[PDB]
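Here the Cβ positions follow ideal geometry from the backbone for every residue, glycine too, while neighbour counts run over all protein chains shown. Readers should treat all values here as calculations from the given coordinates under stated rules, not as data from a laboratory.
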DNA sequence: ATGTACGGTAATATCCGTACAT
DNA sequence: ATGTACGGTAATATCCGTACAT
């Protein structure tokens, strides 16, 4: 199991990988590839060495102070729990942190639409926002630098 | 000396009546009559029984909560001080108060562009507003009802 | 619909107005007349007071709830009013 | 300038769109295409976060000033990352 | 359903088309079902938002007419 | 001065004229000196307000290109 | 020089017609 | 039925010309 950014070559496939939530699977199967190709987002996939068991999406954003946003993260039902989800979060943090070393980014936001995801991101250290930002959790670039010493 | 609303008849005249401030005299001599005729404001003049020694202007407003606004009030230099100015403020309050009995108005605002005027309206009971409303002073309709028992 | 406004201006002024109108997806007709009658309301009606401020709005609401008693000067002026 | 959009709609829908366009001093061309590409940005870019809130903005600023130490789970995940 | 059809034909830049059709497909609807729905909701918004302006003008002229004479 | 002339001709409703010419006279300037000054300040506003949008798009695409590979 | 002002012919852009598709 | 699509002639509205004034 390795994590890699989506390859712009055609015929990539990797059809179905149920994560439990129909919306995330639908986004993976009908939005992710085109939005990566059209530079709307940067899509990263976790799959085996034969060619998918997970994915996440990154997107530059502003809070203006520039940052990066993790909008979607999904893990197949055969990989139950938070483990490889947290590993994918660490991979995304490393990507955002190299990007901050390059062009300057002060933090990473993350979208949490349900309470299970809210608790998941809260167990990883993300700070809960309130009000109109109740579904958004934040983690600074300084903490990501601390993570990789 | 009597106070009366502007008469829509032509040839009213009453040329010059210096109050000290060139802006108020200019407004009286080149804006007041037309804006009253065009229903932009309601102009009241204090003059003698022969045909001006003062004036004020009223204008409906919203703070939405409906109110009335005293934008301009001027008293001739021959009538030095606050006396007839305060009497004109009382006349305007009575007008606003009958208007509240008629259609419903919850207060009266007043425009104060300099510190002398600010202190003048503060001596009459107007409450000082702050921030972007620093030049505006307010008096409720309940206090005007109290004034006329 | 029935009236018209005719004015003359600099080619620099016209270039600026036309550029901003194109940015607004508008003809210079609608840009000029909008930016005119939209900014003209700001002049012909000072009939609105945005008190929004933590202290100012609370002062107004305390005046509405607790109405201040008419001061001495206001009472003397009311006495001077009758005549 | 070079492309076009063709659609069909109800005379009720057209009456509403035309009325609001006239209120906006706009043709149905500019009203439709504006109200389209102006609302379409709201979809194709969720790249902005208006944290403005007395608590949320202060939480973010306290995170920027005082950065929280990486938790145990994040450290274990970083250990699981190398492979 | 219960309704019929009547067209509208407008012209844009292909770079604006792209941004329109992408958001249309992302909302799972045709370009027509996007453009029209967005235009209609905008149209209802600026059709009630003008009604409130007319109400404000009416009540302002009421307070103004009452700021004149006693009657 | 230092500049020349080049006209613009637009058509309105007389009820809109009224509101324009009144504010023009209240600002102590001709209808031309009103219309043109207001249009020019609006034009500069939405000419710098678009420059900031272009700056935002540029820096966003910079962060986006850096969110890709290590180089 | 520039503010105000009227109207006629160039320009535009609003419509249909026409097409095949679902 | 309706979404997508091309272009030709009706409609518009952008220009000048022309006017007297400051």
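Being more than 25 Å from residue D:48 (Cα to Cα) and either more than 10 Å from DNA strand G (Cβ to nearest atom) or within 22 Å of the chain's Cα centre (by Cα) (or both) is true for just one of F:26, F:47. Which residue is that?
Of the residues listed, the single one that is more than 25 Å from residue D:48 (Cα to Cα) and either more than 10 Å from DNA strand G (Cβ to nearest atom) or within 22 Å of the chain's Cα centre (by Cα) (or both) is F:26.
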Do you know which of the residues in segment D:67-82 that are in a loop (DSSP other than H, G, I, E, B) and in contact with a helix residue (DSSP H, G or I) (Cβ under 9 Å, 6 or more places away or on another chain) is surrounded by the most Cβ atoms within 10 Å (Cβ to Cβ)?
D:70
Of the conditions (1) more than 9 Å from DNA strand H (Cβ to nearest atom); (2) farther than 20 Å from residue A:34 by Cβ; (3) buried (at least 18 other Cβ atoms within 10 Å of the Cβ), residue E:20 fails just one. Which one is it?
(2)
Of (1) touching a strand residue (DSSP E or B) at 6+ places or on another chain (Cβ under 7 Å); (2) within 29 Å of residue E:15 (Cβ to Cβ), residue D:35 satisfies every one except (1)
In the list E:12, E:55, E:67, E:36, which residue meets the criterion of being more than 16 Å from DNA strand G (Cβ to nearest atom) and buried (at least 18 other Cβ atoms within 10 Å of the Cβ)?
E:67
Go through segment F:23-54 and count every residue that is within 8 Å of chain C (Cβ to nearest Cβ) and either within 16 Å of DNA strand H (Cβ to nearest atom) or touching a strand residue (DSSP E or B) at 6+ places or on another chain (Cβ under 7 Å) (or both).
6
Working only within segment B:116-140, note down all residues that are at the interface with chain C (Cβ under 8 Å from one of its Cβ atoms) and assigned to a helix (DSSP H, G or I).
B:123, B:131, B:132, B:133
Looking at the structure I just gave you, is residue F:7 under 20 Å from the mean Cα position of the chain (by Cα), in a strand (DSSP E or B), within 9 Å of DNA strand G (Cβ to nearest atom) and over 15 Å from residue C:3 (Cα atoms)?
yes
Taking residue A:73 as the residue in question, decide whether it is surrounded by fewer than 21 Cβ atoms within 10 Å (Cβ to Cβ), farther than 16 Å from residue F:68 by Cα, more than 7 Å from every other protein chain (Cβ to nearest Cβ) and in contact with a helix residue (DSSP H, G or I) (Cβ under 9 Å, 6 or more places away or on another chain).
no
Picking from D:17, D:51, which residue would you name as being within 13 Å of DNA strand G (Cβ to nearest atom) and crowded, with 20+ Cβ neighbours inside 10 Å?
D:17
Just wondering, is there one or more residues in segment D:35-45 that are within 27 Å of residue A:90 (Cβ to Cβ) and more than 11 Å from the chain's Cα centre (by Cα)?
no
Can you go through A:96, A:110, A:68, A:89 and tell me which one is under 30 Å from residue F:55 (Cβ atoms), away from chain F (no Cβ under 14 Å) and buried (at least 19 other Cβ atoms within 10 Å of the Cβ)?
A:110
Would you confirm, using the coordinates I've provided, whether residue E:4 is surrounded by fewer than 16 Cβ atoms within 10 Å (Cβ to Cβ) and either more than 7 Å from every other protein chain (Cβ to nearest Cβ) or within 12 Å of DNA strand H (Cβ to nearest atom) (or both)?
yes
Which of the strands (runs of 3 or more DSSP E) contained wholly in segment A:33-82 include at least 3 residues that are within 28 Å of residue D:57 (Cα to Cα)?
A:54-62, A:66-75
Among the residues listed as D:65, D:56, D:15, the single one being over 29 Å from residue F:56 (Cα atoms) and more than 7 Å from chain E (Cβ to nearest Cβ)
D:15
Could you check, for segment D:49-65, whether at least one of its residues is under 29 Å from residue A:65 (Cβ atoms) and more than 27 Å from the chain's Cα centre (by Cα)?
yes
For segment C:27-44, state whether one or more residues are within 16 Å of DNA strand H (Cβ to nearest atom) and either under 23 Å from residue B:130 (Cβ atoms) or not in a helix (DSSP H, G or I) (or both).
yes
